[PDB]
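What follows is one structure encoded as structure tokens, with my remarks underneath.
Residue numbers start from 1 in every chain, and the chains themselves are labelled A, B, ... in the order their sequence lines are given, proteins ahead of strands.
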Amino acid sequence: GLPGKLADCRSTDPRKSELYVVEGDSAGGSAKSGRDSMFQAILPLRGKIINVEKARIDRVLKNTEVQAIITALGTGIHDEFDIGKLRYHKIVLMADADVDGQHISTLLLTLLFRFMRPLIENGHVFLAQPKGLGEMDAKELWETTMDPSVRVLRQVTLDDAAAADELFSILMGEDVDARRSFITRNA
Amino acid sequence: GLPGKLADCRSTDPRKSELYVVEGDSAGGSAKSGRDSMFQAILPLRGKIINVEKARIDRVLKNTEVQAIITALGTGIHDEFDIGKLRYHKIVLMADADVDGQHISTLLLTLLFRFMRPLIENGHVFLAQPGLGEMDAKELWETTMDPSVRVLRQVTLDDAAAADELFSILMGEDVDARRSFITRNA
Amino acid sequence: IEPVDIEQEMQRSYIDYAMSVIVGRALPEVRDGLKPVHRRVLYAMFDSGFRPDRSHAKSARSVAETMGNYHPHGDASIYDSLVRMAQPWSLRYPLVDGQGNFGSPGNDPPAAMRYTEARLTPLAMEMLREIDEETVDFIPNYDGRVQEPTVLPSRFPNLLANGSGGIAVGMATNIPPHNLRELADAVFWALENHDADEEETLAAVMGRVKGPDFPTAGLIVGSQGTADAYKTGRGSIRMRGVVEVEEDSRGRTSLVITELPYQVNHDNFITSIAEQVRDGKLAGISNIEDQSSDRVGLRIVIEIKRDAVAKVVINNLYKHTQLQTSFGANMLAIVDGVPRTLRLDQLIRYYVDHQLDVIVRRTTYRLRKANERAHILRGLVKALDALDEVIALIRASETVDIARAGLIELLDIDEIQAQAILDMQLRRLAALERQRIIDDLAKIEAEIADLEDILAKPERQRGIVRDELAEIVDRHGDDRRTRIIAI
Amino acid sequence: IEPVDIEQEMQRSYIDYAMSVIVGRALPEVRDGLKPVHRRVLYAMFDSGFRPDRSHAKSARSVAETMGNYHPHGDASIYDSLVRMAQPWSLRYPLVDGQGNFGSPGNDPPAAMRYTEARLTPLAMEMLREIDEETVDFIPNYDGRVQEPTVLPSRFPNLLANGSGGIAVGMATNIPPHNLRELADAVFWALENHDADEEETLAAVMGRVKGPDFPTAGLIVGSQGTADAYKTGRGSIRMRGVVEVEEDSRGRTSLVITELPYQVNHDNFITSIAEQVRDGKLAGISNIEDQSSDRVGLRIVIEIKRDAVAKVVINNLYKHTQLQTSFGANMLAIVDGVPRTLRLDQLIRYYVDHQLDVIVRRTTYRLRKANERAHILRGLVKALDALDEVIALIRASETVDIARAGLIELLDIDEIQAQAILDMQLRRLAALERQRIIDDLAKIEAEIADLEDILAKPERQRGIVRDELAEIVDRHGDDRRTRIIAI
DNA sequence: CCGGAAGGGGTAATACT
DNA sequence: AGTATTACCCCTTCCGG
Ligand SMILES: COc1ccc2nccc(-n3cc(CCNCc4ccc5c(c4)NC(=O)CS5)nn3)c2n1
């Protein structure tokens with residue numbers, strides 16, 4: 001029971017595996033062409049993913065992309081989360097350099113925080129720094145981000161959980177005013 | 001009990017109804033905007049319809065577009081065909097003037113001939129003279145969708161047997177026969 | 001490896017996306033009234049010559065230019081924006097002249113990019129009037145290969161004539177369309193009364209414009225919503241369709257809806273009334289039909305039951321259905337790059353200021369060009385009065401550079417006009433050509449004097465703005481559609 | 001209303017569609033070696049300026065020019081053809097230089113039109129060399145607005161160098177790629193032995209080319225299929241991938257397939273092997289892995305159980321999997337708009353006549369241009385010796401037309417040369433520029449003599465064709481990839 | 001499964017009434 | 001829920017061998 005579009009690695013143990021999450025088949029092809037297939041897995045998405053913070057649990061558990069993400073990860077959600085099942089000990093979100101890539105990264109981070117908080121607090125989530133990733137061919141894409149020896153990744157970390165969920169709520173919740181004030185003062 | 005893509009008319013009696021079959025939803029919208037909605041129905045398609053003469057019956061009836069054509073026509077296929085239903089007493093196959101339009105028209109004609117022979121025999125099939133998405137409502141209505149000014153080609157049978165031979169050589173699986181035919185008739 | 005805090009990256013990325021979506025995605029520009037996608041599409045179509053003089057061009061080509069040079073986004077967004085700009089029911093004054101299947105007011109989608117062909121309209125030519133004369137600022141695009149304008153010259157008030165509704169992050173804007181003649185009257189008042197304070201100009205422009213004018217026509221009932229919108233920016237214009245009763249031979253009466261309020265989705269209204277009849281909320285209605293066509297326009301027939309009155313069915317339609325709804329107008333727009341809620345007087349003043357700046361920049365560019373032309377013509381005529389000596393020197397000179405030095409020494413000439421003298425054609429030596437040269441120098445000097453006078457006096461440029469906008473309105477003016485009535 | 005016979009309409013419509021698909025959809029042209037879509041894409045990239053001198057351009061833009069101007073078909077088809085032209089594993093000599101994700105030999109799809117940007121290649125410039133010099137014919141496009149070439153100049157044998165397999169109605173063609181050096185040798189023999197008969201030409205060209213050369217390399221076992229293809233056009237070239245045996249530290253062995261036959265889909269061969277192992281047809285293989293990467297190329301490693309022989313497993317793979325396949329060569333191509341099967345000598349001869357007529361047309365056009373330039377320069381020189389008379393006459397002329405008539409009278413000049421001396425710059429008055437005028441007149445006369453000489457002697461034309469082909473092949477030559485071996 | 005062709009649907013964020 | 005900008009994608013046919 002694995003997602004159909006996932007391209008897995010040849011590594012057996014999870015300790016030396018990587019799951020690169022991309023937001024399209026056009027970027028996924030470039031990523032998988034120029035990857036270390038023995039260690040690195042490519043999971044393509046459909047672009048904008050559902051908002052976990054602005055929807056009910058049934059719908060966010062009905063949407064296809066989040067199902068694919070949790071099946072590729074293999075773990076549980078909320079209380080039934082189990083770290084020992086984790087298929088990849090490194091989930092790298094590799095989005096495009098435009099603002100829409102940042103929006104998709106925010107949506108995915110919100111989903112992970114509200115559903116796989118452990119994954120985040122154990123320091124198992126990374127962000128990659130590559131107008132899109134479908135314009136990059138195999139060689140330089142491998143050279144910058146897919147080469148483990150030279151690549152640089154930003155590891156998501158938690159300083160205070162309380163401020164974390166407070167910011168997540170006022171930024172992804174339904175309270176528009178809150179975020180109006182926030183963006184007005186902090187832009 | 002009717003296809004979702006079908007844009008039906010408001011008339012009830014089939015005697016004054018007619019179904020315009022188009023090969024695209026862009027052409028479908030262009031035709032529906034410029035039609036007489038009280039009498040004219042629009043049925044869009046998805047491009048090239050399956051080849052009836054080059055496939056098995058189960059695979060043919062599995063295809064969605066031919067099923068939509070059959071249900072919109074309302075009638076059965078083969079022996080159970082009954083002209084009583086004929087939701088529309090005028091089935092106008094309406095395709096573009098390019099070569100792909102002629103191919104789609106031939107495919108639909110062979111499908112109707114194999115599955116709805118009394119439909120073609122009764123003179124209930126017509127051919128239009130218009131890509132179609134480049135026409136808005138105005139000229140579409142003025143040229144071929146206005147009943148009082150439009151002209152249409154009504155399909156008719158003179159000799160059934162020769163028609164069967166021609167259909168078999170053109171749409172069958174005998175490649176060299178159609179090779180000889182196209183070389184002779186070019 | 002370097003860690004990043006979850007909250008810091010979260011806020012950052014979301015604030016960057018939000019600021020981008022606010023400034024350059026959906027909110028309109030107060031000076032031009034256009035979103036960046038519309039601006040880029042219009043400029044590409046103009047630069048590509050798709051203009052009313054020329055024939056139409058395939059929309060796929062223009063979308064590809066917008067994508068390759070200007071707009072680094074999906075083709076579907078650019079195409080749907082173009083189709084919306086080419087929609088009579090969505091725009092009071094359409095900016096694009098389209099051909100093909102550009103949609104329907106109901107649920108029909110526009111044809112594909114390969115089926116529809118779009119050119120510009122005369123309104124779009126006033127949109128892009130004298131853009132190449134350094135009127136507006138230009139910036140490099142994303143890859144820096146080509147230049148695109150930050151704003152269009154906008155010789156007519158697009159933001160208020162066509163309105164702009166857009167959803168952004170944290171805020172949404174909804175400006176209703178207006179009539180061009182009322183806008184012209186308001187801007188004329190603002191130009192003549194350029195020293196008026198905010199309250200006086202607000203009262204004057206509220207007197208000048210009656211209210212929003214929608215392409216769908218219909219009716220507006222009441223005035224409190226319109227007044228609140230024009231005085232604060234946040235209002236609720238309660239709009240309603242048009243109904244009429246028709247008598248049949250058997251005595252049956254039917255309501256004939258011929259107009260619907262703004263942004264009401266056709267063929268969804270019909271399903272809604274059918275559903276309300278089925279489940280039962282709109283008792284009194286027996287049959288519903290759409291006689292709407294291409295030749296007769298929107299015409300919905302509702303045949304009601306015998307035990308029913310027209311007034312009660314009409315009131316039930318108003319209260320329960322979309323035959324009557326509200327336009328929640330919010331006048332949010334981008335000024336100096338930031339979002340602000342603006343009343344009508346602020347919009348008129350900002351448009352007038354933009355027009356004055358554009359006229360001043362155009363006059364400065366024309367003056368510079370005339371100065372260069374006059375300088376070249378002066379050097380050329382100074383060479384002309386010594387034609388025999390100049391010809392002798394050009395003959396005796398070994399090469400071109402020695403001739404340049406000789407001419408410079410002979411006629412106190414600077415290298416630019418000497419270079420022009422070398423390029424001077426032989427056919428220019430005919431007496432008529434020399435006389436034309438003298439008279440052209442005189443005319444260019446007169447134009448320089450006139451341009452200097454215009455630059456000196458602001459009343460002159462205000463007069464030019466008034467005259468050009470009056471010319472635009474008279475040639476592209478139309479009568480008001482929606483009739484404002486009382487409660 | 002008019003009654004239409006079913007059989008007549010069916011036959012007419014299907015004949016029209018079939019003829020269109022044969023002549024102008026899938027069957028390559030013998031002279032150009034390209035299908036109409038490829039020709040149109042190439043000319044669109046050339047006319048729009050997407051050439052190796054400058055940087056790349058978005059593929060969406062090029063598809064848009066092709067669709068709007070030349071190719072009235074879906075953008076998906078045009079983009080797929082462009083990507084195939086930019087694919088190394090699909091074309092022996094790629095014609096388009098692409099950037100982005102143009103796919104993989106396996107099941108990976110190419111990136112979208114808005115992500116890949118493509119320009120031409122130097123070989124594509126040899127394809128479109130001197131097209132503007134009336135070398136090739138031109139026709140109006142589908143809507144009759146612009147002109148497009150029927151055939152590209154094709155300065156090298158693209159049809160045989162890259163091959164063109166395509167499915168049409170009633171017929172399907174398949175031509176394998178070759179090596180540029182071997183084709184050069186064959187065409188050189190054809191040019192030198194221009195009077196040879198069909199049999200001797202066929203024997204010589206068969207001697208010149210060992211066999212088809214595929215971009216995927218590999219092996220060709222036997223020679224009967226290749227020989228029968230070259231003498232009849234219908235053959236069967238059995239390709240076989242490269243298989244090697246390696247040992248492991250534990251004593252295990254694993255077969256490494258580093259090369260596969262032509263048109264064999266990767267990532268489907270591997271799943272085919274896996275399914276055959278699962279059901280059980282190739283007993284002996286224990287595990288399958290794809291060590292393939294961007295840095296090592298294709299590498300399929302299948303490790304074998306202890307109680308098996310590498311040779312028997314290799315033969316099992318050859319017999320049951322896609323490791324060994326056959327090319328059903330069918331040398332079918334379009335000659336003067338007719339589908340015909342051709343042996344190799346016919347292809348060489350057709351390319352030779354194409355090159356000859358292209359050279360003749362180019363030289364005729366150059367001769368006409370040089371004669372016009374010589375006429376202008378002769379007029380300018382003959383007006384130049386009467387310089388003071390001409391200047392004095394132009395001065396006394398009230399109008400330019402009077403000066404023109406006076407020059408006609410004074411020098412016995414025609415209209416066009418009189419215009420030429422009228423528009424003559426003052427820089428030409430200098431002594432050095434007059435000397436340069438006379439010098440270039442002499443050089444242009446010498447060029448006219450040389451071009452008339454080229455028109456006179458067909459041996460000269462054959463020589464020019466040979467030298468251009470040799471220069472092209474030296475510029476863009478490569479070693480042979482596939483090794484032809486015995487059974 | 002191969003090379004050109006026909007045709008097209010469907011999720012998601014974003015506020016506000 | 002629908003309004004307008006955006007992210008993003010798959011899946012049937014025909015046509016020979
Ligand atoms: C129907 O279900 C699905 C499922 C998945 C899908 N995945 C991708 C695309 C899908 N569809 C796209 C289209 C419309 C075709 N586009 C017309 C066009 C014309 C010119 C150009 C152009 C595009 N693009 C440029 O960049 C410049 S030129 N219909 N479906 C699709 N559809």
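- Consecutive bases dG8(E) and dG9(E) are counted as unstacked, their six-membered rings not meeting the limits of centres under 5.5 Å apart and planes tilted under 30°.
- For the pair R25(C) and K5(B), both in contact range of DNA chain E, the more 5′-proximal nearest nucleotide belongs to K5(B).
- As a whole-Å value, the separation of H103(A) NE2 from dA12(E) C1' is 9 Å.
- Under the 5.5 Å centre and 30° plane thresholds, the six-membered base rings of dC10(F) and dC11(F) are judged to be stacked.
- With sequence neighbours excluded, the residues satisfying ring-ring contact (aromatic ring centres under 6.0 Å, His included) with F327(D) are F214(D).
- When heavy atoms are screened at a 4.0 angstrom cut-off, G165(D) is found touching the sugar-phosphate backbone but no base atom.
- At distances below 3.5 Å, not a single donor-acceptor pair connects side-chain atoms of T110(A) with backbone N or O atoms of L107(A).
- Going by the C1'-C2'-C3'-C4' torsion, the sugar of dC9(F) sits on the north side, since that angle is positive.
- A donor-acceptor contact under 3.5 Å is not formed by the side chain of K48(A) with the base of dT11(E).
- Note: CZ (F269(C)) to P (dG2(F)) measures 16 Å, nearest angstrom.
- At the heavy-atom level, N174(C) lies nowhere under 4.0 Å from the strands shown.
- Listed by chain and residue number, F113(A) satisfy the ring-ring contact (aromatic ring centres under 6.0 Å, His included) test with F168(A) (two or more places apart in sequence, or in another chain).
- Of the residues near DNA chain F, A26(C) and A168(D), the one whose nearest nucleotide (by heavy atom distance) lies more toward the 5' end is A26(C).
- Backbone-only contact: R59(B) has heavy atoms under 4.0 Å from sugar-phosphate atoms and none from a base.
- Phosphate proximity of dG3(E) to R84(D): present, with a side-chain N or O under 4.0 Å from OP1 or OP2.
- Among residues at least two apart or in separate chains, salt bridge (charged side-chain N to carboxylate O under 4.0 Å, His left out) pairs with a member in residues 15-27 of chain D are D100(B)-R25(D).
- In this entry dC8(F) carries a north-puckered sugar, per its positive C1'-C2'-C3'-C4' angle.
- Contact annotation for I50(A): backbone-only contact, meaning every heavy-atom pair under 4.0 Å involves sugar-phosphate atoms and none involves a base.
- Stacking status of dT11(E) with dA12(E): stacked, per the base-ring test of centres under 5.5 Å and planes under 30°.
- Backbone-only engagement by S81(D) is indicated by non-hydrogen atom pairs under 4.0 Å involving sugar-phosphate atoms exclusively.
- Distance, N51(B) CG to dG16(F) P: 10 Å, rounded to whole Å.
- Taking the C1' atoms of five terminal pairs at each end of the helix from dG4(E)-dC14(F) to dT17(E)-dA1(F), the two resulting helix axes are inclined by 60°, rounded to 10°.
- With sequence neighbours left out, the side-chain hydrogen bond (donor to acceptor under 3.5 Å, both in side chains) criterion links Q276(C) to no other residue.
- In this structure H266(D) satisfies the ring-ring contact (aromatic ring centres under 6.0 Å, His included) test with no other residue, sequence neighbours excluded.
- Distances shown here put a side-chain N or O of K54(B) below 4.0 Å from the OP1 or OP2 atom of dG16(F).
- Aromatic ring orientation, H71(C) versus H73(C): perpendicular (interplanar angle above 60°, classes split at 30° and 60°).
- For the pair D25(A) and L170(B), both in contact range of DNA chain F, the more 5′-proximal nearest nucleotide belongs to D25(A).
- Put simply, CG on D75(D) is 12 Å from P on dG8(E), counting in whole angstrom units.
- Counting any heavy atom pair closer than 4.0 Å across all strands shown, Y115(D) reaches sugar-phosphate atoms only and no base atom.
- Taken from CD1 in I69(B) to CD1 in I49(B), the straight-line distance is 4.5 Å, to the nearest 0.5 Å.
- Heavy atoms of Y14(C) sit under 4.0 angstrom from primed sugar atoms or phosphate atoms, though from no base atom.
- In this structure, the CZ atom of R179(A) is 4 Å from the P atom of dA15(E), given to the nearest Å.
- Judged by closest nucleotide on DNA chain E, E23(B) is the one of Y17(C) and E23(B) placed further toward the 5' end.
- Listed pair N265(D) / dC2(E) meets the phosphate criterion, a side-chain N or O lying under 4.0 Å from OP1 or OP2.
- Contacts of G170(C) with the nucleic acid, taken as non-hydrogen atoms under 4.0 Å apart, involve only primed sugar atoms and P, OP1 or OP2.
- Sugar conformation, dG9(E): south. The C1'-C2'-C3'-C4' torsion carries a negative sign.
- Using a 4.0 Å heavy-atom criterion, one finds that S26(A) contacts the sugar-phosphate atoms exclusively.
- Contact annotation for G74(D): backbone-only contact, meaning every heavy-atom pair under 4.0 Å involves sugar-phosphate atoms and none involves a base.
- Remark: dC8(F) and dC9(F) stack on each other (six-membered ring centres under 5.5 Å, interplanar angle under 30°).
- Distance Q102(B) CD to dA5(E) P: 17 Å, rounded to the nearest Å.
- Looking only at distances, no side-chain donor or acceptor of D96(B) sits under 3.5 Å from a matching main-chain atom of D98(B).
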